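Everything on this sheet refers to the single structure shown next.
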Amino acid sequence: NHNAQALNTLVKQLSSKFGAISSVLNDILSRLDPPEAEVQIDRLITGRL
Amino acid sequence: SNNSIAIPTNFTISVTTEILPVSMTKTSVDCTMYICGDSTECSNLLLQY
């Protein structure tokens, strides 16, 4: 059970925005310019690390 | 020596103390109240994490 719960959390965090515009990287890259895309990707990367 | 032994001729009954921790304080933290207190804006921002 413990292991399962851990993994589940690790997947649910992938749906967290962490202050970014969206939790999907493809959406960010297909909707913003690289300069602001960098800020959004940085927030997502910090959260997921 | 090849042929020397030492045999006790009396005894001492010694009482010693061994102190061992068993349990620690049980603490519960309310995440919302600690991070945000009574602010609703903080709670809404926390929901994203």
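In the structure tokens, chains take the letters A, B, ... in the order shown, each chain's residues start at 1, and ligands count up from 1 in the order shown.
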Exercise answer, chain B residues close to chain A, 10 Å and only C-alpha atoms, as an MDAnalysis selection string: chainID B and resid 45:49
Residues flagged alpha helix (DSSP H) by DSSP in chain A, as a PyMOL selection string: chain A and resi 2-12+25-29+34-48
Would you pick out the contacts of residue 22 in chain A at 12 Å or less, using only C-alpha atoms, so that residues sharing its chain but fewer than 5 positions from it are not included, and give the list as a PyMOL selection string? (chain A and resi 14-17+27-32+37+40-41+43-44) or (chain B and resi 48)
Quick one: pull the distance between CA of residue 38 in chain B and CA of residue 12 in chain A, Å, one decimal.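 Rounded to one decimal, the two atoms are 26.8 Å apart.
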Residue neighbourhood range 15-31 of chain B, 12 Å, only C-alpha atoms, exclusion window fewer than 2 positions, as an MDAnalysis selection string: chainID B and resid 12:13 33:37 42:43 46:47
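Atom to atom, CA of residue 10 in chain A and CA of residue 36 in chain A stand 26.2 Å apart.
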